[PDB]
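Asker: Provide a 3D model corresponding to the input given below.
(chains A, B, C and D, ligands or ions: 4)
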Number of protein chains: 4
Amino acid sequence: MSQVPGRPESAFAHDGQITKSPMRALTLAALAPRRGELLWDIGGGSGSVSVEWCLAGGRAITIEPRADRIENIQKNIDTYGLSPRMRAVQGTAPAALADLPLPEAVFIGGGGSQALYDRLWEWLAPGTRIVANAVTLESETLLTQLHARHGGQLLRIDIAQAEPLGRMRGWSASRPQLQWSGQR
Amino acid sequence: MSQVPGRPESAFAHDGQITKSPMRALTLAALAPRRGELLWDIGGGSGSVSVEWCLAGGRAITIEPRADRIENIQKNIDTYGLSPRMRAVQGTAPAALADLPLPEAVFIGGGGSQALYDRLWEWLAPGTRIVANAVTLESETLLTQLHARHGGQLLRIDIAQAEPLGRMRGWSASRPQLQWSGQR
Amino acid sequence: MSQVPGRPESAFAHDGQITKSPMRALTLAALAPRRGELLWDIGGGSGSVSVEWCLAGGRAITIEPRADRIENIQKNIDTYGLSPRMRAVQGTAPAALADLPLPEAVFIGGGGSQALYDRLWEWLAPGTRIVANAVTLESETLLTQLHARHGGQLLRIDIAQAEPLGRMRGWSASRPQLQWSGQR
Amino acid sequence: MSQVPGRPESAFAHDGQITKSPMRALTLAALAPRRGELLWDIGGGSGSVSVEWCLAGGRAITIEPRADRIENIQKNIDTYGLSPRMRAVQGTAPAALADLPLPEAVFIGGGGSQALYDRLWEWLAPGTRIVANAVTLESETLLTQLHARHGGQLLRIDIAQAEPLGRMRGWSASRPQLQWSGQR
Ligand SMILES: Nc1ncnc2c1ncn2[C@@H]1O[C@H](CSCC[C@H](N)C(=O)O)[C@@H](O)[C@H]1O
Ligand SMILES: Nc1ncnc2c1ncn2[C@@H]1O[C@H](CSCC[C@H](N)C(=O)O)[C@@H](O)[C@H]1O
Ligand SMILES: Nc1ncnc2c1ncn2[C@@H]1O[C@H](CSCC[C@H](N)C(=O)O)[C@@H](O)[C@H]1O
Ligand SMILES: Nc1ncnc2c1ncn2[C@@H]1O[C@H](CSCC[C@H](N)C(=O)O)[C@@H](O)[C@H]1O
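Answerer: Numbers count the residues shown, from 1 in each chain, chains lettered A, B, ... in the order given. Ligands and ions are numbered 1, 2, ... in the order given. Next up is the structure itself:
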């Protein structure tokens, strides 16, 4: 079992919603976990980002509304013997982050609206690290405005795979993603 | 300091030829270090891949012809106290590889030719993992051929960054890079 | 000489600010000249869009503030004997637009601000076609907003070219460009 | 009806196989038709590239094996009153090009193997223009080798559209295409 992020999708329980391995390698690079650091993983999903954060030696709380997804998250905590360093929390951000200890880092997988970012600026200790991925055009202008307001690094990421087609190979149909890496 | 690959380019002595931090994350994700595994790093440059591979628990031999770049590799060995774990060899592949112990993984950022690959193909223990980045049409073609012959994974990767443009921002002008990841 | 848009950049007097030939093809495709239709070309530069629009049978008014660039527009008018069909106006939109007859189509390669668009929105006959290229994060955001408000088509476009790289070839480093095409 | 290439897909009879409008704008830009010039459109499909070549004032022969596709091609000749400037030919290249008059330009939509390119170099008058689009990795290395051997322009083209997803917008999943524009 690998000592670095980007571990296969199949290292995790998940439905058809999971940060794909190369994106997750990028995401963890930007999160930059130090040992014992806390992360709020807003979005959650399969919790795979949290899992790699914890395997790098971090502690993580992983917020997620959907019940089916929370089961997957929980299986992944057990599978990696991650209690109590990682906690699944069933809820919806920002509301679900009201009664939680302040973190050193925040990952906005999913749920990234202005209301979230207003609350975050209201609730978080200055210099708390933020990392966000956006796949919609609306999420993208949001990350672009955040980068205008507060600086940081803003990356545009395109990754495709080679695949069958049908006696030949093609590039898999790809979407770019924006990622913002900043503070506060 | 960060517990995962893709640390900033300033965490390393380098001369301008370093592997960019997000690409370094992707590569290490493909290399997938397990504790104590050995890496051949062909085309060391400033040795950043090897440093992050060894920081994840591996050992590495780093092959670079240029004495001035070797010196930077040496500093990174020093900085991170990796001398038990990490060796520099001044030289050219394939000649410099000939008396080395066989690795568990190989990385080619260096001058990857068909010669190098035929030699690697003859020498390597079956199941040894290979990872290569290409940034020329000629080396990309080569990876695609390698992929057609041997399988594994072939990724096309484009990463840009938000850069100044007068009082405006613009995407930095990037090249896609091809990355093959296979074995044997 | 070629009967379609996207003629080489050498078929025009220009100063370095010209629209690239493949982008000029895409733009004219979006503009879709019918015989005798009128174009407002905001941000003329060297007037290449207008030249190709008028060569397809249209008429155009070309708006550029810089006297030295106007001179290049003038040469292209001369070269192609377009003076009955094509006018240069030295100035800035929106002021320079105020006494012009209303067009059948408008192209903004020029300084496209929200001001310009509010004014264009008030002045223009409903069904007038609009086409804009963006190369900054700020102008791209604007196009996306325009798209959300008004519909039409929004394309993301990346074009690179095979360039030397020592004795090897590599892709030239390009930016994506956003292009909106709508009406009213 | 527009005086330039890139006309909508729906301006043509076609099954689910047709050069998409922006690609076709690019393709015709590179073909550069002059009035009365002959084109072999190898591939054929719906014949849309031929149709725009002829509407620019060119003559075209359009080779295509599949019977269903040839009906579409023929409907497009009738619809645009293109007889006899455009001829549908049911066959398979290179064989199907044995008894045909020599052209000024060649478009390799589909069917682009080495056998084709060996025959073409054997059958065509020096300085005959070639334009080719490739979507597979094998077709791409072929166009890359052709560019090594004979120069010309080699472009990498990525175009995406904005589209629903589901209360938001996404970029449509896109494949890059290589296009070679050369001679002989
Ligand atoms: N307001 C909100 N707060 C928290 N999570 C939300 C949310 N809105 C949507 N989500 C969740 O965000 C997830 C999408 S992202 C899933 C991928 C995940 N990052 C992974 O690595 O596995 C969905 O599971 C969705 O239920
Ligand atoms: N035949 C060969 N054998 C070993 N190294 C080579 C080589 N040809 C070129 N190289 C080296 O490969 C380097 C380019 S790649 C440098 C990036 C490196 N992976 C890093 O992270 O720092 C150059 O320094 C060059 O000297
Ligand atoms: N407010 C404004 N009104 C009109 N033109 C403007 C403007 N601001 C900038 N421009 C012009 O827009 C040009 C950049 S775009 C040049 C490309 C042009 N379409 C061509 O094919 O040649 C510059 O020359 C600049 O002077
Ligand atoms: N050897 C060959 N010779 C000629 N046509 C071929 C071929 N192999 C495949 N084709 C055809 O090439 C077509 C794919 S391309 C279709 C898009 C077309 N360029 C258009 O603009 O409408 C298919 O119709 C296929 O039947």
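Asker: Need the residue closest to the centroid of chain A.
Answerer: residue A:109 (4.0 Å; C-alpha atoms, centre = their mean).
Asker: Can you name every helix or strand that the longest strand along chain A contacts?
Answerer: The single longest strand within chain A, with elements called by DSSP state E, is strand A:153-164. Applying 3 or more C-beta pairs under 8 Å, 6 or more residues apart in numbering or on different chains; DSSP states H and E, we find strand A:153-164 packed against helix A:21-31, helix A:137-150, strand A:169-171, strand A:177-183, strand B:153-165. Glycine gets a C-beta too; all of them are placed from N, C-alpha and C.
Asker: Does ligand 1 have contacts with stretch A:39-50?
Answerer: Yes. Interface with ligand 1: stretch A:39-50 contributes A:42-46, A:48-49 (C-beta under 6 Å from any ligand atom).
Asker: Start and end of that stretch, how far apart?
Answerer: Using C-alpha to C-alpha, to the nearest Å, one end of stretch A:39-50 lies 8 Å from the other.
Asker: Next, see if that stretch gets close to chain D.
Answerer: No. For stretch A:39-50, no contact with chain D is found by C-beta under 8 Å from any C-beta of the partner chain; the gap never falls below 15.3 Å.
Asker: For that stretch, what is the distance to the chain centroid?
Answerer: Chain-centre distance of stretch A:39-50: 5 Å, with C-alpha atoms, centre = their mean, to the nearest Å.
Asker: do the same with stretch A:8-28
Answerer: On C-alpha atoms, centre = their mean, the centre of stretch A:8-28 falls 10 Å from that of its chain.
Asker: List the contacts of that stretch.
Answerer: Outside stretch A:8-28, the residues within contact range by C-beta atoms under 8 Å, 6 or more residues apart in numbering or on different chains are A:1, A:4-7, A:45-49, A:51-53, A:56, A:68-69, A:71-72, A:75-76, A:79, A:107, A:109, A:131, A:133, A:155, A:157, A:159, A:177, A:179, B:4-6, B:22, B:25-26, B:28-29, B:155, B:157.
Asker: Show the buried residues in those.
Answerer: In terms of neighbour count (16 or more other C-beta atoms under 10 Å in any protein chain shown), the buried residues within those are A:4-7, A:45-49, A:51-53, A:56, A:69, A:72, A:75-76, A:107, A:109, A:131, A:133, A:155, A:157, A:159, A:177, A:179, B:4-6, B:22, B:25-26, B:28-29, B:155, B:157.
Asker: mind listing what the helix or strand hosting residue A:133 pairs with, with the direction of each?
Answerer: Using DSSP states H and E, residue A:133 sits in strand A:129-134. The strands beside strand A:129-134 in its sheet (DSSP bridges) come out as strand A:105-108 (parallel), strand A:177-183 (antiparallel).
Asker: Turn those into JSON lines, including distance to residue D:86.
Answerer: Shown next, in JSON lines, are the strands paired with strand A:129-134 (distance: least, C-beta to C-beta, whole Å):
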{"stretch": "strand A:105-108", "distance to residue D:86": "55"}
{"stretch": "strand A:177-183", "distance to residue D:86": "44"}
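Asker: most tightly surrounded among those?
Answerer: For those, the largest average neighbour count (mean count of other C-beta atoms under 10 Å in any protein chain shown) is found in strand A:105-108, namely a mean of 24.
Asker: Show me the contact partners of the helix or strand immediately after that one in the chain.
Answerer: Moving toward the C-terminus from strand A:105-108, the next helix or strand (DSSP H and E) is helix A:114-123. Residues outside helix A:114-123 that contact it (C-beta under 8 Å, 6+ apart): A:42, A:93-94, A:97, A:102, A:106, A:108, A:130, A:142, A:146, A:184.
Asker: Type out the PyMOL command that picks the buried ones from these.
Answerer: Applied in PyMOL, the following selects the buried portion of the contacts of helix A:114-123 according to 16+ other C-beta under 10 Å:
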select buried, chain A and resi 42+93+94+97+106+108+130+142+146
